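Peer 1: Below is a structure I'd like to ask you about.
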Amino acid sequence: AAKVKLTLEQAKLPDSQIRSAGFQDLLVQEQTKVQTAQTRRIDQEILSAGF
Amino acid sequence: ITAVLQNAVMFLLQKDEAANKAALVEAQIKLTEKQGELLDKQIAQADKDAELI
């Protein structure tokens, strides 16, 4: 029965919690980082052209 | 004379160990009692174990 409770808790919390949190965080951070990288590339190109 | 001799010889060889055999059998009876009790515990244990899977 103790082992059963181990299984119950591990199934309930870890899988779904990690899925939701990791998916949302990774997607948002990846989109923001891609946009920031594009903006930095544009700014570096502008500075190089001015130079 | 000779028939009595033969019967006595038959008697002495088998006499002693028969009681020992009987006592061994009844000890095995008690042992089977305890095995049955353990299996009675076994069925309930497994039934409670059912849902872990």
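Naming works like this for the structure tokens: A, B, ... for the chains as they're shown, residue 1 at the start of each chain, ligands 1 onward in shown order.
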I'd like a table as a Markdown table: residues in chain B with an atom no more than 12 Å from chain A, each row giving the shortest atom pair and its distance in Å to one decimal, only C-alpha atoms counted, sorted by chain and rising residue number.
Peer 2:
| residue | atom | partner | partner_atom | distance |
| --- | --- | --- | --- | --- |
| B:45 | CA | A:1 | CA | 10.9 |
| B:46 | CA | A:1 | CA | 11.7 |
| B:47 | CA | A:1 | CA | 12.0 |
| B:48 | CA | A:1 | CA | 8.5 |
| B:49 | CA | A:1 | CA | 7.6 |
| B:50 | CA | A:1 | CA | 10.3 |
| B:51 | CA | A:4 | CA | 8.1 |
| B:52 | CA | A:4 | CA | 5.5 |
| B:53 | CA | A:4 | CA | 8.8 |
